[PDB]
Amino acid sequence: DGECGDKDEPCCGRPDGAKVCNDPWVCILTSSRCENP
């Protein structure tokens, strides 16, 4: 809630370009949320 990088939670993409997700959650491009591979 109000956060980024967690399971089914939207990923916050940084100035360096990398989307914030804690491993092993991967942010899928359409869903824009860090979910399971």
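Numbering (the entry's author numbering), first residue to last: 1 to 37. For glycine and all other residues, C-beta sits at the position ideal for the given N, C-alpha and C.
1) Just reading off the beta strand (DSSP E) that residue 35 is part of, what are its end residues?
2) Please state the DSSP three-state secondary structure of residue 7.
3) Among the residues of its own chain, which have a CB less than 7 Å from the CB of residue 3, if the five just before and after it don't count?
4) Pull the bridge partners of residue 64 from the DSSP assignment, please.
5) Report the partner residues of residue 13 according to the DSSP bridge assignment.
Checking against the coordinates, here is how it stands:
1) 33-35
2) coil
3) 9
4) Because the chain is modelled from 1 through 37, residue 64 falls outside the range shown and cannot be assessed.
5) 19
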